[PDB]
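Next comes model_27.pdb, a file with PDB, C-alpha atoms and all ligand atoms.
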```pdb
ATOM      1  CA  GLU A   6     -20.238 -50.513 -43.586
ATOM      2  CA  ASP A   7     -20.363 -51.387 -47.301
ATOM      3  CA  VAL A   8     -20.612 -54.952 -48.472
ATOM      4  CA  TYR A   9     -17.442 -54.671 -50.602
ATOM      5  CA  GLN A  10     -14.176 -52.940 -49.720
ATOM      6  CA  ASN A  11     -13.129 -52.051 -53.309
ATOM      7  CA  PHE A  12     -14.106 -52.512 -56.926
ATOM      8  CA  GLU A  13     -12.047 -55.720 -57.401
ATOM      9  CA  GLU A  14     -14.058 -57.333 -54.605
ATOM     10  CA  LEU A  15     -17.442 -56.233 -56.011
ATOM     11  CA  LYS A  16     -16.403 -57.511 -59.510
ATOM     12  CA  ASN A  17     -15.493 -60.892 -58.086
ATOM     13  CA  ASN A  18     -18.735 -61.344 -56.195
ATOM     14  CA  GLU A  19     -21.387 -59.848 -58.517
ATOM     15  CA  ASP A  20     -22.681 -60.896 -61.919
ATOM     16  CA  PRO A  21     -21.478 -58.292 -64.508
ATOM     17  CA  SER A  22     -25.046 -57.880 -65.776
ATOM     18  CA  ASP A  23     -26.056 -56.430 -62.353
ATOM     19  CA  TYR A  24     -23.970 -53.222 -62.640
ATOM     20  CA  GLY A  25     -22.647 -51.011 -65.404
ATOM     21  CA  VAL A  26     -19.775 -48.549 -65.850
ATOM     22  CA  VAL A  27     -20.577 -45.791 -68.285
ATOM     23  CA  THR A  28     -18.200 -43.051 -69.547
ATOM     24  CA  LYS A  29     -18.336 -40.025 -71.835
ATOM     25  CA  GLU A  30     -15.010 -38.275 -72.487
ATOM     26  CA  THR A  31     -15.191 -34.879 -74.185
ATOM     27  CA  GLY A  32     -11.959 -33.127 -73.065
ATOM     28  CA  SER A  33     -13.963 -30.742 -70.853
ATOM     29  CA  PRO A  34     -12.045 -29.596 -67.837
ATOM     30  CA  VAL A  35     -14.962 -30.581 -65.627
ATOM     31  CA  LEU A  36     -15.900 -34.259 -64.936
ATOM     32  CA  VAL A  37     -19.401 -35.172 -63.725
ATOM     33  CA  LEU A  38     -18.987 -38.228 -61.426
ATOM     34  CA  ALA A  39     -21.831 -40.434 -60.204
ATOM     35  CA  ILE A  40     -20.463 -43.551 -58.501
ATOM     36  CA  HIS A  41     -23.752 -44.531 -56.890
ATOM     37  CA  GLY A  42     -25.968 -44.582 -59.933
ATOM     38  CA  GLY A  43     -28.794 -46.813 -60.981
ATOM     39  CA  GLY A  44     -30.714 -48.280 -58.048
ATOM     40  CA  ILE A  45     -27.992 -47.409 -55.512
ATOM     41  CA  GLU A  46     -28.934 -43.691 -55.170
ATOM     42  CA  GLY A  47     -31.895 -43.313 -57.465
ATOM     43  CA  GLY A  48     -31.894 -40.359 -59.799
ATOM     44  CA  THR A  49     -28.198 -39.774 -59.797
ATOM     45  CA  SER A  50     -27.875 -41.649 -63.161
ATOM     46  CA  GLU A  51     -30.462 -39.294 -64.753
ATOM     47  CA  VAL A  52     -28.908 -36.082 -63.513
ATOM     48  CA  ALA A  53     -25.476 -37.330 -64.611
ATOM     49  CA  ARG A  54     -26.737 -38.369 -68.076
ATOM     50  CA  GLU A  55     -28.405 -34.953 -68.688
ATOM     51  CA  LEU A  56     -25.235 -33.066 -67.688
ATOM     52  CA  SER A  57     -23.210 -35.310 -69.934
ATOM     53  CA  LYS A  58     -24.769 -33.456 -72.888
ATOM     54  CA  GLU A  59     -22.105 -30.804 -72.196
ATOM     55  CA  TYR A  60     -19.605 -32.405 -69.878
ATOM     56  CA  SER A  61     -17.477 -35.471 -69.596
ATOM     57  CA  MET A  62     -19.145 -38.100 -67.363
ATOM     58  CA  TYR A  63     -18.255 -41.116 -65.269
ATOM     59  CA  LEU A  64     -21.221 -43.286 -64.076
ATOM     60  CA  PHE A  65     -21.287 -46.499 -62.029
ATOM     61  CA  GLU A  66     -24.873 -47.864 -61.825
ATOM     62  CA  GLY A  67     -26.502 -50.651 -59.859
ATOM     63  CA  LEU A  68     -28.823 -52.496 -62.251
ATOM     64  CA  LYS A  69     -30.412 -55.096 -59.898
ATOM     65  CA  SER A  70     -34.278 -55.220 -59.643
ATOM     66  CA  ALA A  71     -33.597 -55.077 -55.927
ATOM     67  CA  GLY A  72     -30.745 -55.146 -53.412
ATOM     68  CA  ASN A  73     -28.552 -52.471 -55.167
ATOM     69  CA  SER A  74     -27.483 -51.246 -51.673
ATOM     70  CA  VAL A  75     -24.902 -54.075 -51.800
ATOM     71  CA  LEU A  76     -23.257 -52.305 -54.703
ATOM     72  CA  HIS A  77     -22.587 -49.098 -52.789
ATOM     73  CA  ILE A  78     -18.903 -48.397 -52.264
ATOM     74  CA  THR A  79     -18.116 -45.238 -50.318
ATOM     75  CA  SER A  80     -16.136 -42.555 -52.193
ATOM     76  CA  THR A  81     -12.943 -43.071 -50.211
ATOM     77  CA  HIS A  82     -12.895 -46.790 -51.281
ATOM     78  CA  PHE A  83     -14.114 -46.379 -54.836
ATOM     79  CA  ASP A  84     -11.268 -47.395 -57.144
ATOM     80  CA  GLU A  85     -12.884 -48.795 -60.253
ATOM     81  CA  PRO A  86     -10.165 -48.487 -62.912
ATOM     82  CA  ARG A  87     -12.139 -46.429 -65.494
ATOM     83  CA  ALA A  88     -13.045 -43.947 -62.682
ATOM     84  CA  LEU A  89      -9.406 -43.632 -61.620
ATOM     85  CA  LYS A  90      -8.502 -42.932 -65.206
ATOM     86  CA  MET A  91     -11.190 -40.340 -65.843
ATOM     87  CA  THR A  92     -10.778 -38.434 -62.583
ATOM     88  CA  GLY A  93      -6.990 -38.195 -63.172
ATOM     89  CA  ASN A  94      -7.678 -36.902 -66.717
ATOM     90  CA  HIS A  95      -9.785 -33.979 -65.568
ATOM     91  CA  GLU A  96      -9.036 -30.659 -63.914
ATOM     92  CA  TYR A  97     -12.211 -30.506 -61.698
ATOM     93  CA  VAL A  98     -14.892 -32.955 -60.511
ATOM     94  CA  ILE A  99     -18.591 -32.501 -59.576
ATOM     95  CA  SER A 100     -19.784 -35.624 -57.793
ATOM     96  CA  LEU A 101     -23.463 -36.611 -57.416
ATOM     97  CA  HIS A 102     -24.904 -38.434 -54.539
ATOM     98  CA  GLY A 103     -28.174 -39.306 -52.856
ATOM     99  CA  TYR A 104     -28.881 -39.580 -49.170
ATOM    100  CA  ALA A 105     -31.969 -40.669 -47.193
ATOM    101  CA  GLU A 106     -34.374 -37.883 -46.242
ATOM    102  CA  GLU A 107     -37.987 -37.083 -47.036
ATOM    103  CA  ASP A 108     -37.662 -33.324 -47.060
ATOM    104  CA  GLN A 109     -36.353 -31.706 -50.175
ATOM    105  CA  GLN A 110     -32.726 -30.726 -49.564
ATOM    106  CA  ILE A 111     -29.419 -30.450 -51.457
ATOM    107  CA  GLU A 112     -26.203 -30.433 -49.403
ATOM    108  CA  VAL A 113     -23.199 -29.034 -51.211
ATOM    109  CA  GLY A 114     -19.693 -29.783 -50.081
ATOM    110  CA  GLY A 115     -16.289 -30.636 -51.510
ATOM    111  CA  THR A 116     -12.799 -29.207 -51.520
ATOM    112  CA  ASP A 117     -13.550 -26.310 -53.859
ATOM    113  CA  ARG A 118     -14.878 -23.960 -51.198
ATOM    114  CA  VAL A 119     -15.322 -20.950 -53.410
ATOM    115  CA  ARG A 120     -17.269 -22.726 -56.173
ATOM    116  CA  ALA A 121     -19.337 -24.802 -53.685
ATOM    117  CA  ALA A 122     -20.483 -21.558 -51.980
ATOM    118  CA  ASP A 123     -21.217 -19.940 -55.359
ATOM    119  CA  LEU A 124     -23.300 -23.036 -56.352
ATOM    120  CA  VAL A 125     -25.313 -22.888 -53.149
ATOM    121  CA  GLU A 126     -26.070 -19.141 -53.733
ATOM    122  CA  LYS A 127     -27.157 -19.806 -57.314
ATOM    123  CA  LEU A 128     -29.333 -22.721 -56.261
ATOM    124  CA  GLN A 129     -30.955 -20.705 -53.446
ATOM    125  CA  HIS A 130     -31.517 -17.672 -55.796
ATOM    126  CA  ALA A 131     -33.105 -20.047 -58.270
ATOM    127  CA  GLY A 132     -35.434 -21.414 -55.578
ATOM    128  CA  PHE A 133     -33.795 -24.764 -54.740
ATOM    129  CA  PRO A 134     -33.112 -25.946 -51.128
ATOM    130  CA  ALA A 135     -29.345 -26.013 -51.002
ATOM    131  CA  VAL A 136     -27.058 -25.645 -48.010
ATOM    132  CA  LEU A 137     -23.276 -25.311 -47.933
ATOM    133  CA  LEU A 138     -21.521 -27.949 -45.880
ATOM    134  CA  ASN A 139     -18.275 -26.862 -44.117
ATOM    135  CA  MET A 140     -15.109 -28.817 -43.624
ATOM    136  CA  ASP A 141     -16.012 -30.657 -40.414
ATOM    137  CA  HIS A 142     -19.457 -31.693 -41.618
ATOM    138  CA  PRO A 143     -19.792 -35.454 -42.264
ATOM    139  CA  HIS A 144     -20.845 -35.179 -45.953
ATOM    140  CA  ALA A 145     -18.032 -32.652 -46.676
ATOM    141  CA  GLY A 146     -16.156 -34.986 -49.089
ATOM    142  CA  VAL A 147     -12.739 -33.519 -48.514
ATOM    143  CA  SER A 148     -10.631 -36.679 -48.083
ATOM    144  CA  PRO A 149      -7.682 -37.114 -50.434
ATOM    145  CA  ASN A 150      -8.836 -40.732 -50.686
ATOM    146  CA  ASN A 151     -12.240 -39.539 -52.027
ATOM    147  CA  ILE A 152     -12.432 -40.551 -55.730
ATOM    148  CA  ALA A 153     -13.815 -37.076 -56.578
ATOM    149  CA  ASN A 154     -10.598 -35.423 -55.359
ATOM    150  CA  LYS A 155      -8.175 -37.575 -57.483
ATOM    151  CA  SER A 156      -8.142 -34.943 -60.331
ATOM    152  CA  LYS A 157      -5.383 -32.721 -61.720
ATOM    153  CA  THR A 158      -6.225 -30.001 -59.119
ATOM    154  CA  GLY A 159      -7.875 -31.828 -56.235
ATOM    155  CA  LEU A 160     -10.794 -29.317 -56.403
ATOM    156  CA  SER A 161     -14.280 -30.905 -56.164
ATOM    157  CA  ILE A 162     -17.914 -30.013 -55.605
ATOM    158  CA  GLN A 163     -19.896 -32.772 -53.757
ATOM    159  CA  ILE A 164     -23.705 -32.543 -54.364
ATOM    160  CA  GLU A 165     -25.736 -34.653 -51.952
ATOM    161  CA  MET A 166     -29.473 -34.778 -52.811
ATOM    162  CA  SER A 167     -32.160 -35.969 -50.394
ATOM    163  CA  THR A 168     -34.669 -38.692 -51.405
ATOM    164  CA  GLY A 169     -37.377 -36.009 -51.462
ATOM    165  CA  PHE A 170     -35.551 -33.747 -53.792
ATOM    166  CA  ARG A 171     -34.690 -36.681 -56.135
ATOM    167  CA  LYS A 172     -38.254 -38.009 -56.136
ATOM    168  CA  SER A 173     -39.479 -34.529 -57.109
ATOM    169  CA  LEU A 174     -37.769 -34.624 -60.539
ATOM    170  CA  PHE A 175     -39.462 -37.742 -62.007
ATOM    171  CA  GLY A 176     -42.969 -38.867 -62.916
ATOM    172  CA  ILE A 177     -42.161 -42.436 -61.907
ATOM    173  CA  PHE A 178     -39.217 -43.070 -59.538
ATOM    174  CA  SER A 179     -38.005 -46.457 -60.741
ATOM    175  CA  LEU A 180     -34.928 -47.786 -62.470
ATOM    176  CA  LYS A 181     -37.038 -48.471 -65.556
ATOM    177  CA  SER A 182     -38.962 -45.236 -65.755
ATOM    178  CA  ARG A 183     -37.010 -42.239 -64.379
ATOM    179  CA  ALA A 184     -35.221 -41.588 -67.607
ATOM    180  CA  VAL A 185     -38.449 -41.378 -69.550
ATOM    181  CA  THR A 186     -40.524 -39.364 -66.978
ATOM    182  CA  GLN A 187     -38.156 -36.390 -66.211
ATOM    183  CA  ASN A 188     -40.370 -33.431 -65.411
ATOM    184  CA  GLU A 189     -40.225 -29.608 -65.714
ATOM    185  CA  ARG A 190     -38.491 -29.485 -62.227
ATOM    186  CA  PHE A 191     -35.768 -31.901 -63.527
ATOM    187  CA  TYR A 192     -34.896 -29.558 -66.450
ATOM    188  CA  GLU A 193     -35.124 -26.464 -64.298
ATOM    189  CA  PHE A 194     -32.584 -28.042 -61.872
ATOM    190  CA  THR A 195     -30.275 -29.234 -64.649
ATOM    191  CA  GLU A 196     -30.491 -25.778 -66.341
ATOM    192  CA  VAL A 197     -29.274 -24.080 -63.122
ATOM    193  CA  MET A 198     -26.427 -26.621 -63.154
ATOM    194  CA  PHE A 199     -25.523 -26.010 -66.808
ATOM    195  CA  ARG A 200     -25.677 -22.242 -66.159
ATOM    196  CA  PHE A 201     -23.391 -22.654 -63.139
ATOM    197  CA  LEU A 202     -20.912 -24.989 -64.853
ATOM    198  CA  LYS A 203     -20.489 -22.849 -67.943
ATOM    199  CA  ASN A 204     -19.881 -19.676 -65.840
ATOM    200  CA  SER A 205     -17.861 -21.104 -62.939
ATOM    201  CA  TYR A 206     -15.274 -23.060 -64.957
ATOM    202  CA  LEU A 207     -13.529 -20.964 -67.739
TER     203      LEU A 207
HETATM  204  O1  LIG B   1     -29.752 -29.730 -74.747
HETATM  205  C1  LIG B   1     -29.339 -29.944 -73.381
HETATM  206  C2  LIG B   1     -28.815 -28.690 -72.749
HETATM  207  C3  LIG B   1     -29.655 -27.923 -71.989
HETATM  208  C4  LIG B   1     -29.146 -26.781 -71.411
HETATM  209  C5  LIG B   1     -27.848 -26.342 -71.608
HETATM  210  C6  LIG B   1     -27.023 -27.110 -72.404
HETATM  211  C7  LIG B   1     -27.523 -28.278 -72.976
END
```

Can you turn what I pasted into structure tokens?
Ligand SMILES: OCc1ccccc1
Amino acid sequence: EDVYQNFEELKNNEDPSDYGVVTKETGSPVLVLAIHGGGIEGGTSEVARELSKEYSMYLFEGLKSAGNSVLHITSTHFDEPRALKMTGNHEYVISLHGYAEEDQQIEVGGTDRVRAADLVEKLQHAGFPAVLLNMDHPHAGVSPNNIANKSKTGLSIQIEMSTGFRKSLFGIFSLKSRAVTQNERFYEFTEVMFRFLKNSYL
């Protein structure tokens, strides 16, 4: 259970300096969505920001020194207005998440079954620890109420990255220092993603 039931509630209870909404609109069909950025699911801000070099981006980040877990709103409740706008303005959505787990793993779900499977094959071929989640899996992200699915098509890819995988991409795994300690494994991962996104959406 989240602390807040929707964005309006979070906005009314939290100081505006303790979170940040960040957008980049390029007209790309694909939107990169990271609604649990900053300290909420560490590393998702950095992956989103790197992909935003080629793709439109929506980012919601928790900016507290601690206690960012209170800022987590599950995808089916996440209704921040700038996210509703940007998702509706795009054809397809890739949404980035983190979950708790020491082993390195990436779970790939979403409503776009064909492209999710293709992504998992490309990740595995490239040497990353990706599994395809199917429709009855809990991290599947297939609800129409899921922010990632409120696009022009309803087709999403949901990328859920374990703590271990996320910690592997940074010299120093802190709010302050991830963005300035991205390592060779960070760029290798984001390269596989850029390669995939350019090919899979034409
Ligand atoms: O310069 C960032 C970037 C890397 C890979 C592919 C596209 C863009």

- prompt: When distances are computed from all atoms listed in the file, which of A:31, A:186, A:116, A:57 shows the smallest separation from ligand LIG 1 (chain B)?
  reply: A:57

task: Might you pull out every residue within 12 Å of residue 177 (chain A), with only C-alpha atoms counted and same-chain residues fewer than 4 positions away left off, and present them as a ChimeraX atom specification?
output: /A:47-48,171-173,181-188

Selection from above, C-alpha atoms, as a short mmCIF file (atom, residue, chain, number, x, y, z; two decimals), keeping the file's coordinate frame, can you write it?
```
data_model
loop_
_atom_site.label_atom_id
_atom_site.label_comp_id
_atom_site.auth_asym_id
_atom_site.auth_seq_id
_atom_site.Cartn_x
_atom_site.Cartn_y
_atom_site.Cartn_z
CA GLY A 47 -31.90 -43.31 -57.46
CA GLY A 48 -31.89 -40.36 -59.80
CA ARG A 171 -34.69 -36.68 -56.14
CA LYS A 172 -38.25 -38.01 -56.14
CA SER A 173 -39.48 -34.53 -57.11
CA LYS A 181 -37.04 -48.47 -65.56
CA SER A 182 -38.96 -45.24 -65.76
CA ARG A 183 -37.01 -42.24 -64.38
CA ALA A 184 -35.22 -41.59 -67.61
CA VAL A 185 -38.45 -41.38 -69.55
CA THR A 186 -40.52 -39.36 -66.98
CA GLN A 187 -38.16 -36.39 -66.21
CA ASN A 188 -40.37 -33.43 -65.41
#
```

Within 6 Å of ligand LIG 1 (chain B), counting all atoms listed in the file, residues as a ChimeraX atom specification: /A:58,196,199

message: To one decimal place in Å, what is the distance between CA of residue 55 (chain A) and CA of residue 82 (chain A)?
response: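 Separation between CA of residue 55 (chain A) and CA of residue 82 (chain A): 26.1 Å.
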
Applying 9 Å and only C-alpha atoms, which residues near residue 73 (chain A) remain after dropping the ones on its own chain fewer than 3 positions away? List them as a compact mmCIF listing (two decimals) with C-alpha atoms, keeping the file's coordinate frame.
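Result file is result.txt:
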```txt
# COMPACT_ATOMS: atom_id res chain seq x y z
CA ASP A 23 -26.06 -56.43 -62.35
CA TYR A 24 -23.97 -53.22 -62.64
CA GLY A 43 -28.79 -46.81 -60.98
CA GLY A 44 -30.71 -48.28 -58.05
CA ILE A 45 -27.99 -47.41 -55.51
CA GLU A 46 -28.93 -43.69 -55.17
CA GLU A 66 -24.87 -47.86 -61.82
CA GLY A 67 -26.50 -50.65 -59.86
CA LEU A 68 -28.82 -52.50 -62.25
CA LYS A 69 -30.41 -55.10 -59.90
CA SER A 70 -34.28 -55.22 -59.64
CA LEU A 76 -23.26 -52.30 -54.70
CA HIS A 77 -22.59 -49.10 -52.79
```

- prompt: Restricting the calculation to only C-alpha atoms, which member of A:41, A:127, A:200, A:95 is positioned closest to residue 83 (chain A)?
  reply: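 Looking at the shortest contact to residue 83 (chain A), the residue is A:41.
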
message: Please expand the PyMOL selection byres (((chain A and resi 100-110) around 6) and not hetatm) into the concrete residues it hits in this file, giving the result as a PyMOL selection string.
response: chain A and resi 37-39+46+99+111+134-135+163-170

Reference answer for the PyMOL selection byres (((chain A and resi 149-157) around 6) and not hetatm), as an NGL selection string: :A and (80-81 or 92-93 or 95-96 or 98 or 148 or 158-159 or 161)

Print the selection's residues with C-alpha atoms to a file, as an mmCIF file, keeping the file's coordinate frame.
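Result saved to out_18.cif:
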```
data_model
loop_
_atom_site.group_PDB
_atom_site.id
_atom_site.type_symbol
_atom_site.label_atom_id
_atom_site.label_comp_id
_atom_site.auth_asym_id
_atom_site.auth_seq_id
_atom_site.Cartn_x
_atom_site.Cartn_y
_atom_site.Cartn_z
ATOM 1 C CA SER A 80 -16.136 -42.555 -52.193
ATOM 2 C CA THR A 81 -12.943 -43.071 -50.211
ATOM 3 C CA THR A 92 -10.778 -38.434 -62.583
ATOM 4 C CA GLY A 93 -6.990 -38.195 -63.172
ATOM 5 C CA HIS A 95 -9.785 -33.979 -65.568
ATOM 6 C CA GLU A 96 -9.036 -30.659 -63.914
ATOM 7 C CA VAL A 98 -14.892 -32.955 -60.511
ATOM 8 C CA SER A 148 -10.631 -36.679 -48.083
ATOM 9 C CA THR A 158 -6.225 -30.001 -59.119
ATOM 10 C CA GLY A 159 -7.875 -31.828 -56.235
ATOM 11 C CA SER A 161 -14.280 -30.905 -56.164
#
```

query: If you apply the PyMOL selection byres (((chain A and resi 15) around 12) and not hetatm) to this file, what residues do you get, as a PyMOL selection string?
result: chain A and resi 7-14+16-21+23-25+67+73+75-78+82-85

task: Between CA of residue 120 (chain A) and CA of residue 91 (chain A), measure the distance and give it in Å to one decimal.
output: 21.0 Å

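The space separating CA of residue 174 (chain A) from CA of residue 192 (chain A) comes to 8.3 Å.
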
List the spatial neighbours of residue 61 (chain A) as an mmCIF file with C-alpha atoms, in the coordinates of the input - criterion: any atom at most 8 Å away, all atoms listed in the file, same-chain residues fewer than 5 positions off excluded.
```cif
data_model
loop_
_atom_site.group_PDB
_atom_site.id
_atom_site.type_symbol
_atom_site.label_atom_id
_atom_site.label_comp_id
_atom_site.auth_asym_id
_atom_site.auth_seq_id
_atom_site.Cartn_x
_atom_site.Cartn_y
_atom_site.Cartn_z
ATOM 1 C CA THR A 28 -18.200 -43.051 -69.547
ATOM 2 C CA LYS A 29 -18.336 -40.025 -71.835
ATOM 3 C CA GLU A 30 -15.010 -38.275 -72.487
ATOM 4 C CA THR A 31 -15.191 -34.879 -74.185
ATOM 5 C CA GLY A 32 -11.959 -33.127 -73.065
ATOM 6 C CA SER A 33 -13.963 -30.742 -70.853
ATOM 7 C CA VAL A 35 -14.962 -30.581 -65.627
ATOM 8 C CA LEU A 36 -15.900 -34.259 -64.936
ATOM 9 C CA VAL A 37 -19.401 -35.172 -63.725
#
```

For residue 59 (chain A), the nearest of the candidates A:26, A:202, A:131, A:97, counting all atoms listed in the file: A:202

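For the residues A:140, A:89, A:162, A:207, ranking by smallest atom-to-atom distance to residue 117 (chain A) using all atoms listed in the file places A:162 first.
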
task: Point out the residue among A:88, A:194, A:145, A:128 with the least atom-to-atom distance to residue 56 (chain A), counting only C-alpha atoms.
output: A:194
